[PDB]
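Read the structure below first, then the notes.
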RNA sequence: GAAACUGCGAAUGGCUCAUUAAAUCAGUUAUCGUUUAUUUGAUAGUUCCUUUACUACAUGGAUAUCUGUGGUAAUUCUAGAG
RNA sequence: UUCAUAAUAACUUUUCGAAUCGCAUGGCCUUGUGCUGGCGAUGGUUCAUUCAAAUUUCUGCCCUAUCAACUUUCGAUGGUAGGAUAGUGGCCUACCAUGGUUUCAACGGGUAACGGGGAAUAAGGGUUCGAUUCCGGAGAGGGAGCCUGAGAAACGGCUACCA
Ligand SMILES: [Mg+2]
Ligand SMILES: [Mg+2]
Ligand SMILES: [Mg+2]
Ligand SMILES: [Mg+2]
Ligand SMILES: [Mg+2]
Ligand SMILES: [Mg+2]
Ligand SMILES: [Mg+2]
Ligand SMILES: [Mg+2]
Ligand SMILES: [Mg+2]
Ligand SMILES: [Mg+2]
Ligand SMILES: [Mg+2]
């Protein structure tokens, strides 16, 4: 059938159509979350190693990992799960699903190619598509290069340069989380507030104690008479 | 003479809204209604404002002409008038343009259509394009 | 049922709003705040239906949003924020400071007040309690909760609150023969002196109150807010001064004061 | 400044009178018998752990919209990939 | 009041005590780019406050005796103790007791009964009528069951089953 093959490191996708039943029979009775060889699956794929994750049955009910059965099963699903994007904050729904094990009823098998082989397929392994985004967090940025605290951000930011037609202009990421003046100032202010309020409270308490003392004494001046 | 005589009953000055509001009493004799523009013009020299800063509404003649009772606000600044007036009045005056908007029903339909797709429609269009081979 | 009511149909609307029977399916429900729904007064009603400073809801909103209106020191941007009894409504432009204090008929009065007096909110006391870290605190019937009150402040006592900071300047004890203002029900908006408080087990404390006109009336202690000593109320009282006249007298006043 | 995440909101309103005869409901009680987002107020020098060779605090970890690949006749169905 | 609170003992798959944003951006020099600082948004712990919410006292309903006994196995009434709940309670469970309601109409049966506020009716008393502009209450085809959330047993939210 249709094999949805993908390289993650190279970051590239393809759909390969297979009609030969002998090529299909490698996938029968296999559960999703398993490791597939290259050579039996195809003559083009030799030395290659797949990991199998996800698919799609005919009639369009997606393969969910951890159902078991080679069948279609109605299932009650909510947030955190696959095959369901909820339309309300915390709402279940009983959809239908196709079991994690593979038989004849499938239209697509989603396959991830984990280890290379001999023959490179057209442009899936040959040509690469780069990352859409760069790191947004400062820590993340640091991770991308390996710089340590002293080196600072700003220096290594992936700026995009876009053209309207004649005018060429720049777009840059807002690097959230930084050793910026404003943040520091805010922190200082917070600290001050924490101290100041406490101080005020202490003062108030002292004053009230004093007041109480100035009532107790008064009480004692009236009591001693008879 | 037709007199055209203007009067300003109950002058309330709003330092909140930066405008003088009042009930216009207007004397017609032998003339049906008065037209807002003329009234504004008259006020613009009575209070010193210029037609723009004057805003008169309400009216409707009493009976057999004679009298008309409106509501005139006179704004301290024209900018202020622009930013404190509801837009319909501005449009009437001629200051602001009528907001070129489609029918309510159409808008609602569009909204509903938007609801029936998740996120951006570019992806959906692309998918449709591939579904032509199906 | 099914959860908190959001609206308020323009009828079920409290009558002391002095709202119109017409002009709208709804009235403005005041939000939660320092006062009870039925005995507050939302600002949309105030800046429109009384002062006539605005002329519709949008206008009111605009006025609020420029942030010139102030209720009791703090700003307020809410359209329907409950300005109840004793609320000081200061507007920086106009310099028209108000203190919301009832008329003799019941309805809230446009009491226009000097920038020297409009500074302190007098406030009745709902509760005297002891909170956390063993600290005693007072509750004002009129919304606020004051940390550290003088040990000689008890329940149902009125309190001059700074409002400039939010502490106690002075207080009036609940005593017989002390000027008192009525804030509830039928006698609402009258002023007087208090002759008796009936100690009464459980079923409400009552106050027989003579006014200046030597005409008694009796109300519940919840409906009564102390105002000062005889001769000296801490608040300026409205035109009418909380004495209230019989219908005939009122009629006479109306038809004698014809000055065109 | 589309989208989408996060927050809120969707429990109000609006419709109707089928139930339902001390039930609802009205007035009056009470909550010293309770939960209460919100509004308004108030509210954390003490978080450490043997406390001279010590702890990023001029700040620490991975996930989801779009880019590409699909499926299914379809529908606020969505798998895999970065 | 065993309340509010404070105190000693421990307690906890140690709840919370800010790894939040915007526009301002000045005083003093140990001349570091230093120490700091304002207004406001959000949050967040309890405590009030309010919007409420449950429950809850008393008193009051239309016919029907061609309805005189009803209620208790499987909660009827109460007790103790639990469990549950936001919290009280036969709310459910264990065990014990035998109550409770009734001709001053219980329980049934009806209703072409949603309940008030009110409407018509023009002496006085009254009759009928209130689906309906306000206040409650139910209900979203019927029965169920629940998820999220402060708040639904939600129906322009699910989950069956029956129609
Ligand atoms: Mg930031
Ligand atoms: Mg959302
Ligand atoms: Mg409703
Ligand atoms: Mg019925
Ligand atoms: Mg018990
Ligand atoms: Mg009836
Ligand atoms: Mg009715
Ligand atoms: Mg009917
Ligand atoms: Mg139907
Ligand atoms: Mg609904
Ligand atoms: Mg339901």
- Task: Looking only at the range C:58-80, count how many residues are part of a loop (DSSP other than H, G, I, E, B), crowded, with 16+ Cβ neighbours inside 10 Å and either within 11 Å of chain B (Cβ to nearest Cβ) or free of Cβ contacts under 8 Å to residues at least 40 places away in the same chain (or both).
- Result: 1
- Message: Looking at residue C:16 and the list (1) in a loop (DSSP other than H, G, I, E, B); (2) away from every other protein chain (no Cβ under 14 Å), which single condition is not satisfied?
- Response: (1)
- Here are some conditions: (1) under 30 Å from residue C:150 (Cβ atoms); (2) near RNA strand D (Cβ under 8 Å from one of its atoms); (3) part of a loop (DSSP other than H, G, I, E, B). Residue A:133 meets all but one. Which one does it not meet? (1)
- Task: For the range B:103-123, enumerate the residues that are in a loop (DSSP other than H, G, I, E, B) and either more than 12 Å from every other protein chain (Cβ to nearest Cβ) or touching a residue at least 24 places away in the same chain (Cβ under 8 Å) (or both).
- Result: B:103, B:117, B:120, B:121
- Query: Of the residues C:4, C:28, which single one is within 13 Å of RNA strand D (Cβ to nearest atom), without any contact (Cβ under 8 Å) to a residue 24 or more places away in the chain, closer than 24 Å to residue C:144 by Cα and not in a helix (DSSP H, G or I)?
  - Reply: C:4
- Task: Check C:55, C:100, C:41 and return the single one that is within 14 Å of another protein chain (Cβ to nearest Cβ) and crowded, with 16+ Cβ neighbours inside 10 Å.
- Result: C:55
- Message: I'd like the full set of residues that are more than 16 Å from RNA strand E (Cβ to nearest atom) and within 30 Å of residue A:12 (Cβ to Cβ), limited to the range A:136-163.
- Response: A:144, A:145, A:146, A:147, A:156, A:157, A:158, A:159, A:160, A:161, A:162, A:163
- Task: Sort through A:132, A:142 and tell me the only one that's more than 28 Å from residue A:37 (Cα to Cα) and surrounded by fewer than 11 Cβ atoms within 10 Å (Cβ to Cβ).
- Result: A:132
- Query: Does residue A:142 count as without any contact (Cβ under 8 Å) to a residue 60 or more places away in the chain and not in a loop (DSSP other than H, G, I, E, B)?
  - Reply: yes
- Message: Considering only residues that are more than 15 Å from RNA strand E (Cβ to nearest atom), outside any strand (DSSP E or B) and under 15 Å from residue C:234 (Cβ atoms), which ones fall in the range C:111-168?
- Response: C:111, C:114, C:116, C:117, C:118, C:119, C:120, C:157, C:162
- Mind listing whichever residues of the range A:171-189 are within 15 Å of ligand 1 (Cβ to nearest atom), in a helix (DSSP H, G or I) and surrounded by 10 or more Cβ atoms within 10 Å (Cβ to Cβ)? A:183, A:184, A:185, A:186, A:187
- Could you count how many residues in the range B:66-110 are over 11 Å from the mean Cα position of the chain (by Cα) and surrounded by 10 or more Cβ atoms within 10 Å (Cβ to Cβ)? 21
- Evaluate the range A:105-128: report whether one residue or more is touching a residue at least 12 places away in the same chain (Cβ under 8 Å), within 16 Å of RNA strand E (Cβ to nearest atom) and surrounded by 13 or more Cβ atoms within 10 Å (Cβ to Cβ). no
- Message: If I ask for residues that are near RNA strand D (Cβ under 6 Å from one of its atoms), within 14 Å of another protein chain (Cβ to nearest Cβ) and farther than 30 Å from residue A:9 by Cα, which ones from the range A:59-87 would you list?
- Response: A:87
- Kindly indicate which of A:163, A:148 is in contact with a helix residue (DSSP H, G or I) (Cβ under 8 Å, 6 or more places away or on another chain) and exposed (fewer than 10 other Cβ atoms within 10 Å of the Cβ). A:148
- In this structure, is residue A:193 under 30 Å from residue C:167 (Cα atoms) and within 14 Å of chain C (Cβ to nearest Cβ)? no
- Message: Any residue that is in contact (Cβ under 8 Å) with a residue 24 or more places away in the chain and not in a helix (DSSP H, G or I) - is there at least one of those in the range A:155-164?
- Response: yes
- Message: Here are the criteria: (1) under 30 Å from residue A:15 (Cβ atoms); (2) near RNA strand D (Cβ under 9 Å from one of its atoms). Tell me which single one residue A:122 does not satisfy.
- Response: (2)
- Message: Filter the range C:20-41 down to the residues that are more than 8 Å from RNA strand E (Cβ to nearest atom) and either farther than 16 Å from residue C:108 by Cα or more than 18 Å from the chain's Cα centre (by Cα) (or both) and list them by number.
- Response: C:20, C:21, C:22, C:23, C:24, C:26, C:27, C:28
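Given A:36, A:24, which one is out of contact with any strand residue (DSSP E or B) (no Cβ under 6 Å at 6 or more places or on another chain) and under 10 Å from residue A:109 (Cβ atoms)?
Exactly one of A:36, A:24 is out of contact with any strand residue (DSSP E or B) (no Cβ under 6 Å at 6 or more places or on another chain) and under 10 Å from residue A:109 (Cβ atoms), namely A:24.
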- Task: Kindly provide the set of residues from the range C:141-169 that are in contact (Cβ under 8 Å) with a residue 60 or more places away in the chain and away from every other protein chain (no Cβ under 14 Å), ordered by number.
- Result: C:141, C:142, C:143, C:144, C:156, C:157, C:158, C:160, C:163, C:164
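Positions of Cβ are backbone-derived with ideal geometry, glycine not excepted, and every protein chain shown enters the neighbour counts. Every number here is computed from the coordinates shown, using simple stated rules; none is lab data.
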